[PDB]
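The chain that follows stands alone, in the form deposited in one PDB entry, written as structure tokens.
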């Protein structure tokens, strides 16, 4: 069984749960506020900053290297534009750093520093979702908040070096399936993908509480 299929199948139940967190349910319905949207985007800024520091640390490591696509996929620079948009020119001092975000970041550096063979789990959970459902979420955010089609405020959701998110996804999956893989590694990659999903759920649970 191919890793990209093993992952999708191992995470479908928790994906359904993540979609049905209160925050994402509200989001899906068009009810996101500016405050709530800013909180989630500032959190992703920290998350992707950590993920991408660790992708760089491990770019030459064969347990990750086939998924090294910084130009196409990396989100940090995009999130920086979005922070300047939502929080202003001194965004670096304004943006929050919530404990649930700190928890996700911590685990990202553990994986990247000490278990890099699991990094694929974390890149899968974030990037493949961003290339799929993230596109749906973009439209909803756009309509809810009157964000222009020219893309300001939603750089995160825009992939200017990928023509077609579905074709890229297929490439990325085909490259996932070329990673060296024993049952040990595969079994733990899929466990870690489930933890990645949980760290996202816990962020959303925390954000919802902060907002209400």
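Basically, rigid core = biggest C-alpha set you can superpose within 1.5 Å across the two forms. Positions refer to the first chain, counted from 1. Only residues modelled in both forms are compared.
A second form of this protein, the form deposited in another entry, is not displayed here; the remarks below concern that form.
- Only one entry in 103, 138, 109, 115 has its C-alpha moved by 2 angstroms or more between this form and the one not shown when the rigid core is superposed, and that entry is 138.
- Residue 160: CA moves less than 2 Å between this form and the one not shown after rigid-core fitting.
- With the core held fixed, residue 177 shows a CA shift below 2 Å between this form and the one not shown.
- With a cut-off of 2 Å and the rigid core superposed, residue 60 has a Cα displacement that falls short of the cut-off between this form and the one not shown.
- Between residue 125 and residue 28, the Cα spacing is smaller in the other entry than in the shown form, differing by no less than 3 Å.
- Cα of residue 159 to Cα of residue 29: at least 3 Å shorter in the other entry than in the shown structure.
- Moving regions between this form and the one not shown, defined as 3+ consecutive residues each with a CA shift of at least 2 Å after core superposition, lie at 20-22, 24-31, 133-144, 146-149.
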